[PDB]
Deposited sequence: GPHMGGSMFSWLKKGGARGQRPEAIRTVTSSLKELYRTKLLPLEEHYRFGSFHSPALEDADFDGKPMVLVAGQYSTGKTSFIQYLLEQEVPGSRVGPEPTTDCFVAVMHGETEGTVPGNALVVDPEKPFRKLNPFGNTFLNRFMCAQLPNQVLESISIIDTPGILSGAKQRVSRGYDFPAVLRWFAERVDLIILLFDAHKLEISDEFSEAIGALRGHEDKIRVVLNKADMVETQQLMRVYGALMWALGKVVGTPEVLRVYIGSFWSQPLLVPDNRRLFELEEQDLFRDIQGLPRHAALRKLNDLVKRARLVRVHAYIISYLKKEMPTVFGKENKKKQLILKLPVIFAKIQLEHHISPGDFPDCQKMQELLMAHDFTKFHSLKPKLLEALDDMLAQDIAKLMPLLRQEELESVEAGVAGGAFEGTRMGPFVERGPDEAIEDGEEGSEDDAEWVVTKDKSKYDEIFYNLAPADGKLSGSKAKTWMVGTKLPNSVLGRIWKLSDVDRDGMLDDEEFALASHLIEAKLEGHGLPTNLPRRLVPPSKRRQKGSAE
């Protein structure tokens, strides 16, 4: 009596019949079970060799994976479905599953979701893309890893991303080990990545990248850790927030499928309606698949669907090559109508019910692993105008240019204050506000203030706060 229930009935009564009639199962997807309506949300981790997928998961679980280890040059070569289970251990599952393993372990995260770990994308066994597309159809989130340490986008990869088409909304691109590269360089890599991806996925809507280094190791180059913890938090929120709304992603994928189904129905229908009854069959067919892009196109001319909805002409050509046309069924306006109406109105009403559900129970939310909150720790006019005239007395007794004291002179004086170099350098950096290399009266008074401050026994700030900036400070 819930919403996924409603989705399921909608499917069974409105979609399934059309799929079965135009034999969707032998072209794109087999019919769905209850298992893909009533099962734990999956996240998929993909990327090329040594990008840290396994590490990433290890890190999400803050626990080691029974079957999967981690190493320098490529180690594991198959799909590991990291999922819940009462015992620690493993179990290895026309179709081929010997390239498929299953790991189980008592762990809350695995209560909330399950994480399927993939083989590394090469920088000739199966139809990797095809499987990525199958998962893409089924899965809740797709994590793509790039490592800022060895930026590479292989052909195979861009084929994979080609295969994730229509599901970009499920993609989280994470740029890993950003902590093992000097920052400028990071900028360089990030830039390259987004350029590349930009050209590759081709959508006008930009993918979010999460910048960090997903492992409990110390940070190599630490001067960016704020950003890393932040990005990590964002992604974690995104993952942790999955169980709360699977209904929505389900609904949505149902819509997408629907659209594809409708398209293909039209395709077969038209082919069948083009076929001659008894003789000529052969070449009317071969030619008919010679004229496929014409078909798709015209069908767009007179039906209103998006280039986004159509399958691949050539693959569809392979398969169409495999089928018998005379056996195809004809256009059936009834079932179609059922469809159009379904999505339109029925999904219309499911929306409101959905919202009402989308404020129900955060209990479903993913519980501690790398998610636990205790992991962040248990903890969390102008002042110199009084001494100005004095400072000025000094400053002007130091013979400045035209209001600006040379850097060298400033230094000799400063070092004259018998303070250690380091402190002084920091003070300089703090005081040279327009940062030209000299010190004018105000900047100088500031410097002096800071020197006195340190003399009293005061840690210096690391960034000059507004209240200390000479009043020629900043518009707002």
| request: Identify which parts of the deposited sequence carry no C-alpha coordinates, going from the N-terminal end onward. | output: 1-25, 119-136, 167-173, 431-449, 546-550
